[PDB]
Amino acid sequence: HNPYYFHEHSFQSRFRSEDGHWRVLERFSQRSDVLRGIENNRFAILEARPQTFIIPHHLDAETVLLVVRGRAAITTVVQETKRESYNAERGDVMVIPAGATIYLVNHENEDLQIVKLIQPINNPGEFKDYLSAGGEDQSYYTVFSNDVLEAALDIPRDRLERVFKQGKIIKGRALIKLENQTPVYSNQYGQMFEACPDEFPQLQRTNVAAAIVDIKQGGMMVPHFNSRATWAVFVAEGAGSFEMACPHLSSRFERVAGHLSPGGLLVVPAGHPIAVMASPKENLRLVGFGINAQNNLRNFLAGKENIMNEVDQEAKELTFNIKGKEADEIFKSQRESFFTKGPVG
Amino acid sequence: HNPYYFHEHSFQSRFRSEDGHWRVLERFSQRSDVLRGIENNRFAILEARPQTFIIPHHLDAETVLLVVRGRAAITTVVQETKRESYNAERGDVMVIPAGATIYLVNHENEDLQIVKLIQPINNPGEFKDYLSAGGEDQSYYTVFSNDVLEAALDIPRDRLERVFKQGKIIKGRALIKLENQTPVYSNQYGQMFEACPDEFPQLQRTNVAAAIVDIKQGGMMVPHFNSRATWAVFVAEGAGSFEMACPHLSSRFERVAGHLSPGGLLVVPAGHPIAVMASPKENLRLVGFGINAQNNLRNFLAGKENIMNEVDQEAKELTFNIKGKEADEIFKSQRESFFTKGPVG
Amino acid sequence: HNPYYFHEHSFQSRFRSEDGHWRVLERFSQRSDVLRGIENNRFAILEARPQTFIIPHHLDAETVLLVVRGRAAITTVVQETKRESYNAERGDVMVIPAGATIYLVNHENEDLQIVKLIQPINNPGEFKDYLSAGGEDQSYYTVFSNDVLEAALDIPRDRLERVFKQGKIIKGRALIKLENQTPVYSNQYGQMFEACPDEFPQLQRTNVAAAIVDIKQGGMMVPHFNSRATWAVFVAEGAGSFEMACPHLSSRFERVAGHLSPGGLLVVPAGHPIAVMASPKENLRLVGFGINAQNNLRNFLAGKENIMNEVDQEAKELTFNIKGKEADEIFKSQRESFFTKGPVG
Ligand SMILES: [Cu+2]
Ligand SMILES: [Cu+2]
Ligand SMILES: [Cu+2]
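Residues numbered from 1 in each chain as written, not as in the entry; some residues may be left out. Chains lettered and ligands numbered in written order. Heavy atoms only, no water.

- Under the PDB entry, the name given to chain A is 7S globulin, and the organism recorded is Momordica charantia.
- In the PDB, the title recorded for this entry is "Crystal Structure of Momordica charantia 7S globulin".

Dropping the structure here:
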């Protein structure tokens, strides 16, 4: 009865090794139908234990990187050929071209969490991992004929047999630091940082936008919706809950309700009205990428600055049960904007 | 034997209330196959009796508005938040973003017809209607928990129970006035007004172009076709008929023939040669939107200015049965261009 | 066991007449699945014997023309109406809009080969041919009512019965000359000419890029891959062979191997590592169009200038079995770049 929320476990696992876990959430078209326009997107995550390394690789796919926890040092290379390497702490955003080869090192004493947004460039809603070391079958040097390897590298074939044979995580104007930006919505009850294509050319490729939201203890992000963007948001830390009105689940809306437990992913389509509560005990951080966000507007149904306030009184009078001015009693009554103090029970 | 034409009745109805009728034509992939590249488009219409109001709402979808009959006053709002309201008479074009909330009033003593072109932003070829009042299930305030409503609006929950509870049509650089523009084709036998993306940034989003065609009594729009654009055209007023050559219905063309009765919709794919007759009795107005029109050329097979005239004689000589000059006897013989006097019988 | 390669015969034939052969390769979704993101593309070819003519026509589809063998004179017209005609020798590239009408003449004493890349504008991965002469069913004048023809052209209907009745190949800032451009990769062992969207606005439409590759006798194009572009490449002249590592054929790579015999087509998806050998006896020319190439990078796994060289030593040390410097022994050892001397046996 609730399609839009995926659990920790619903992640299709990729690796599961001591040094790290790299796993991708299944596409949006197994399970549901109502998610289609985002199907060429895949949400994935990465974990790498302290003192870890990740092999040089690439994807036939576009990646949007957002680091959740810890720290790592990133490197991207392409081809005349150029090198770019960066410092990644919590709340960093990177836009990694398809075919662009990248490695990384987690040199740090606690874990490293990284959330990727991957758009397959080849087969729609299907991507993969092109890798330098592993398997009898797993290297893009290792698998090739020794005659063509030996020819190509200009070195003796038995000597090749000792280097490129002898998975990905082992022991050890591109980036923009997201959390180091200016919150579009802050107040007291929570803060939201956002990087969008309209301000950031590097995003215009991947089509998407990147964000990080915090809602304080017992806070709330008021009912509202996204113009165009379809957001996929992951639960970084904490717990909470949400209500979203769904027409598909015949324009009658049924309420979609649920709790956000750590390591979950919620999908919030364009124009979907949503309100979010950050729970009695702890705070809640959501971290995640919107699909299709360009000139995407967020419109609020409550709070001081919202859409109602900007409508003529007559509209309000005919629409609801309220008067020419007495409308303002109702919609200016939330003294805060965006986030405010939420429900109980 | 004729896919491209839909009747009045083939419209999937939405409302059917005294004050108004809002209905959407089914997509193009029930029935046929040959219409695919336009499937993410949906043609819809709106009728609102005199002294009528339409609720604030939005769609997860892009809308291209063209008013057919009568008059109405339009309003759009989004979110810092801004208001835009406009005057709409016959032949007005508006481009309404997804998620952008809009209301309208028909204050006028005759009916109001409005034709919408809707592109689903969420689920391809599937859109919907996000609404403020109706149902036990039908409001995006009404359905939400009173605890989150009460929290969010900062007002007592029983007091909420008397306002947001107590369908859409009830009793009561965005727009450009299309009919007030300059006809690309006029002569005597008919006049055609067109607004295209290449001249109009607001269209570049929605990808489409907007047009209104009049063909006089017994007039004709000569055989021709659209470069790229796939046109969906509705029959505003009058009656008439058409011939269009279809290869799908194996490059052998079969003739597609039919009559345009009021309230119909014809689809004319890119490169589809078409000729149109405005009938013995009355005139014919077509009103409608082209899909995929950018730098879209219209090429004419007859009439003074047309494509043949600009080809070398040798081509014409080898191609048809005609001579080096005697080709010009054949293709300059229509003394008019575009529209001319049509057939009989 | 090898999807990516199509034979001469796998071409869906269109015409087969003495004066010419026009045939289109079937789409990429009969046979395989792994080719999807290119399905709206169709590769086609054209052959026209000496002293031949091709009718004025158009497609509901975008064409990218590359001439292989011989010579022909090209003409394009659209609509106010304009004419453009050009000289085409071996290695010429043209970008032909949908709906744009075109004819051609092979006036020359040997054959004429032309490779087209066609993107359906109407029905995805489905295009067609709009033609002036043939059939009882085959003309877009011939099929139309005489009443509407006679009306439209302003000439007597029996007189129409003697001109437009009395297939396509019969007896007889748009173009850029590709082979007359500057090779991006040359050395001795082979030369590669390329025209891309990023340098050529006319390509930005069709989305694609155009190329011609020569690999000398016993030459090789070293293992490498394309960032974004999915290349479809045809075998102009000669023979040869290739190895490409495929993950789909579960990130374990299996080697895809084969021989390129004349008149074949190979598909090389984005990020697919490939090495190519030009065979013991003759040389090898590949001719063809990349899909989705914008800012598409080609990255090399061997050869003096390649991606490894630009990575830090520590990466190389952890990755492979090699030392801080002794890495450079391995990857700078190919004294050439791009093409070099290949295997034997
Ligand atoms: Cu929904
Ligand atoms: Cu057709
Ligand atoms: Cu593959």
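Still more ground to cover, so stick around.
## Describing the interface of chain B and chain C
Argument step 1. Between chain B and chain C, the contact holds 58 residues from the first and 51 residues from the second.
Argument step 2. Interface area for chain B against chain C, summed over the two sides, is near 4600 Å², with a carbon-plus-sulfur share of 61%.
Argument step 3. Our count for the chain B to chain C interface comes out at three salt bridges.
Argument step 4. Residues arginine 252 of chain B and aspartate 137 of chain C are paired through a salt bridge, measuring 3.8 Å at the closest nitrogen-oxygen approach.
Argument step 5. Put simply, chain B and chain C have 23 residue pairs in polar contact between them.
Argument step 6. Of all the secondary structure elements, the ones that give two or more residues to the side of chain B that touches chain C are β17 (219-226), β20 (254-260), β22 (274-277), β24 (298-300), α4 (313-319) and α5 (326-331) of chain B.
Argument step 7. Examining the composition of the side of chain B that touches chain C, we find that four residues originate from one element, β17 of chain B, more than from any other.
Argument step 8. Each residue belonging to the side of chain B that touches chain C can be placed in one class, and the counts come to 27 nonpolar, 17 polar and 14 charged. (Contact = heavy atoms within 4.5 Å. Buried area = accessible area lost by both parts, 1.4 Å probe. Salt bridge = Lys/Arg side-chain N within 4 Å of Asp/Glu carboxyl O. Polar contact = N/O pair within 3.5 Å; in protein donor to acceptor, adjacent residues only side chain to side chain. Helix = DSSP H or I, 4+ residues; strand = E, 2+ residues; numbered from the N terminus. Nonpolar A, V, L, I, M, F, W, Y, C, P; charged D, E, K, R; others polar.)

## Considerations on the relation of the copies chain B and chain C
Argument step 1. When chain B is brought onto chain C, the operation consists of a screw motion whose angular component is 120° and whose axial shift is 0.0 Å, with 0.0 Å RMSD remaining. Within this description, the copies of the chain are treated as partners about a three-fold rotation axis. Distance from the rotation axis, computed per C-alpha, reaches its smallest value in chain B at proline 124 of chain B: 8.4 Å. (Least-squares fit on C-alpha atoms.)

## Brief notes about the sheet that holds strand β15 (residues 190-195) of chain A
Residues and elements named next belong to chain A.
Argument step 1. The six strands are arranged β1-β21-β18-β23-β16-β15 in an open sheet whose pairing can be described as antiparallel. Bordering the open sheet on either side are β1 (5-6) and β15, each of which pairs with just one other strand.
Argument step 2. Looking at chain direction, strand β18 (residues 230-238) and strand β21 (residues 265-268) are connected through four bridges and run antiparallel. Counted as the bridge partner of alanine 232 is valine 267 from β21. (Pairing = 2+ DSSP bridges.)

## Looking at the sheet that holds strand β14 (residues 175-177) of chain A
Residue and element names in this part refer to chain A.
Argument step 1. Spatially, the seven strands line up as an open sheet ordered β2-β3-β4-β11-β6-β9-β14, and their pairing is antiparallel. Unpaired on one side and paired on the other, β2 (11-13) and β14 mark the two borders of the sheet. In this sheet, adjacent strand axes meet at a mean angle of 20° when their direction is disregarded.
Argument step 2. Note that strand β6 (residues 61-67) and strand β9 (residues 92-96) share four bridges and pair antiparallel. The residue bridging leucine 66 from the neighbouring strand is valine 93, located in β9. (Axes fitted to C-alpha atoms, helices over the stretch in contact; angles between N-to-C directions.)

## Notes on the interface of chain B and chain A
As a measure of interface size, the accessible area lost when the parts come together is often cited.
Argument step 1. Facing 51 residues of chain B, the contacting portion of chain A comprises 58 residues.
Argument step 2. Counting the surface chain B buries against chain A, the share from its top three residues, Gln79, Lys128 and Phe144 of chain B, is 15%.
Argument step 3. The salt bridge involving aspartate 312 of chain A is made with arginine 83 of chain B; its shortest N-O contact spans 2.4 Å.
Argument step 4. Connecting chain B to chain A are 23 residue pairs in polar contact.
Argument step 5. Of all the elements, helix α1 (residues 146-153) of chain B adds the most residues to the side of chain B that touches chain A, at five residues.

## Some details on helix α1 (residues 146-153) of chain A
Argument step 1. Most of α1 of chain A sits inside the fold, with six of its eight residues counted as buried.
Argument step 2. Three or more residues of α1 of chain A are buried, namely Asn146, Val148, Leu149, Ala151, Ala152 and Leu153 of chain A.
Argument step 3. Contact partners of the buried residues in α1 of chain A: α2 (157-161) of chain A together with β17 (219-226), β19 (240-246), β22 (274-277), α5 (327-331) and β25 (339-341) of chain C.
Argument step 4. Just beyond α1 of chain A, the residue with positive phi is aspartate 154 of chain A, at close to 60°. (Buried < 20%, exposed > 50% of the residue type's maximum accessible area, 1.4 Å probe, protein only.)

## What to know about the coordination of the copper ion (ligand 3)
Argument step 1. Bound to the copper ion (ligand 3) are the protein donor atoms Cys246 of chain C (SG) and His272 of chain C (NE2), situated 2.0 to 2.4 Å from the metal. The burial state of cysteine 246 of chain C is the same as that of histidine 272 of chain C; both residues are buried. (Donors = N, O, S within 2.8 Å, 3.2 Å for Na, K, Ca; no water.)

## Some remarks on the environment of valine 78 of chain B
Argument step 1. Here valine 78 of chain B lies in strand β7 (residues 72-78).
Argument step 2. Residue classification places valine 78 of chain B among the partly exposed positions, given a relative accessible area of 22%.
Argument step 3. Along the primary structure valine 78 of chain B and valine 67 of chain B are separated by eleven residues, whereas in three dimensions their C-alpha atoms are 22 Å apart.
Argument step 4. Residues contacting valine 78 of chain B, with those up to four places away along its chain left out, are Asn299 and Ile307 of chain A together with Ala100 and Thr101 of chain B.

## Quick word on unusual backbone geometry
Trans is the common state for peptide bonds, and a negative phi is the common state for residues other than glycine.
Argument step 1. Of note in this structure, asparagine 292 of chain A is not a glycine but carries a positive phi near 65°.
Argument step 2. Mapped onto the elements of the fold, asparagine 292 of chain A is located in the loop between β23 (284-291) and β24 (298-300).
Argument step 3. On the accessibility criterion, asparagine 292 of chain A (23% relative accessible area) is partly exposed.
Argument step 4. In the Ramachandran plot, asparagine 207 of chain C falls in the positive-phi region, its phi being about 80° despite a non-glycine side chain.
Argument step 5. Positionally, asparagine 207 of chain C belongs in the loop between α3 (201-206) and β16 (209-215).
Argument step 6. We classify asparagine 207 of chain C as partly exposed; its relative accessible area is 22%.

## Considerations on the domain arrangement of chain A
All names here are of chain A.
Argument step 1. Here chain A is partitioned into domain 1 (1-173) and domain 2 (174-339).
Argument step 2. Put simply, the middle of domain 1 and the middle of domain 2, counted by C-alpha atoms, are 31 Å apart.
Argument step 3. Of the residues lining the interface, 33 residues belong to domain 1; the matching set on domain 2 comes to 40 residues.
Argument step 4. It is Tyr4, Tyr5 and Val93 that lose the most area in domain 1 upon contact with domain 2, and together they represent 22% of the buried surface on that side.
Argument step 5. Applying the counting criterion to the domain 1 and domain 2 interface returns four salt bridges.
Argument step 6. With a closest N to O distance of 2.4 Å, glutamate 62 and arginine 205 form a salt bridge.
Argument step 7. Here domain 1 is connected to domain 2 by 14 residue pairs in polar contact.
Argument step 8. Those elements that provide at least two residues to the side of domain 1 that touches domain 2 are β1, β6, β8 (82-88), β9 and β11 (113-120).
Argument step 9. Grouping the constituent residues of the side of domain 1 that touches domain 2 by class yields 20 nonpolar, six polar and seven charged. (Domains from an automatic or database assignment.)

## A few points about the packing of aromatic side chains
Working definition: an aromatic ring pair is given by the centre-to-centre distance plus the angle between the planes.
Argument step 1. Under the defined criterion, the tally for this structure stands at 54 aromatic pairs over all chains.
Argument step 2. Seen from their ring centres, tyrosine 185 of chain B and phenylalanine 338 of chain B are 4.4 Å apart, and the 20° between their planes marks the pair as stacked. Grouping residues by exposure puts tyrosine 185 of chain B and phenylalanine 338 of chain B together as buried.
Argument step 3. Through pairs of rings, three or more aromatic residues link up here, namely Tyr140, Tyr141 and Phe164 of chain A together with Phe320 and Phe331 of chain C.
Argument step 4. When the ring centre of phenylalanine 11 of chain A is taken as reference, the NZ or CZ atom of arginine 23 of chain A above it lies at 4.8 Å.
Argument step 5. Directly above the aromatic system of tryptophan 22 of chain B lies the positively charged group of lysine 168 of chain B, at a separation of 3.2 Å from the ring centroid. (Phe/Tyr/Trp six-rings, centres within 6.5 Å; stacked < 30°, edge-to-face > 60°. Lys NZ or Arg CZ within 6 Å of the ring centre and 35° of its normal.)

## Focus: the side chain of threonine 206 of chain A
Argument step 1. Tracing the backbone through its elements, the reader meets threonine 206 of chain A in helix α3 (residues 201-206).
Argument step 2. With near-sequence residues (within four places) excluded, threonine 206 of chain A lies in contact with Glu62, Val64, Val95 and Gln119 of chain A.

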